[PDB]
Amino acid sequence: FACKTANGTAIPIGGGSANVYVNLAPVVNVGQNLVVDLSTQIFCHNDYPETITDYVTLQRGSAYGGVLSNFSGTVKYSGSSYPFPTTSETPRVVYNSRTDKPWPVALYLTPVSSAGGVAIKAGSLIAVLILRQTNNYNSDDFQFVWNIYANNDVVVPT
């Protein structure tokens, strides 16, 4: 089991850490949502699916920088929604193919009501998402840690 990012990098068997740079809507008004869809960015696969089932959770999601201070939101993982920053590990999603498949994580973020002007700075860390991978085969229990960065400023107009 290993993962890769779009036009990007890989975190190999055994886990590790990587940076993911995402383009964000440049303007988001109070009452609109900023959507950070990692399912187009992070892809994973099972290396021996004919005998091994891989189990993958979002063990934890935390907010940083402008997202931490100026937005509130939720995280959607494989079709269910949870608080973000997270309060517990999600249910497992099964990976059972050698073909790269999306990690089905998306953040749905909305400006706090007093936010105005530059709410997220270009180049800044906005989130850390920990993918936890286990299996039905051995004692493997690995973390794949994704540091998520904004490529551009996001402005909340006034």
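Rigid core: the largest C-alpha set superposing within 1.5 Å between the two forms. Residue numbers run from 1 along the displayed sequence.
Open item on the list: Root mean square C-alpha distance from this form after a core fit in 7 other deposited structures of this protein: higher for 109 to 117 or for 35 to 43?
Closed with: Clearly, after the core fit, the stretch farther away in 7 other deposited structures of this protein is 109 to 117.
TODO: Compare 5 to 13 with 140 to 148 and report which one shows the larger root mean square C-alpha deviation from this form in 7 other deposited structures of this protein once the rigid core is superposed.
DONE: Per-stretch check in 7 other deposited structures of this protein: the more divergent one is 5 to 13.
TODO: Please work out which of 109 to 117 and 57 to 65 has the higher mean CA B-factor as recorded in the PDB entry.
DONE: The recorded data point to 109 to 117.
Open item on the list: Mean Cα B factor from the PDB record: higher for 29 to 37, or higher for 121 to 129?
Closed with: According to the entry, 29 to 37 carries the higher average C-alpha B-factor.
Open item on the list: Lowest, middle or highest third: which one holds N138 when the chain's residues are ordered by CA B-factor from the entry?
Closed with: For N138, the deposited C-alpha B-factor lands in the highest third.
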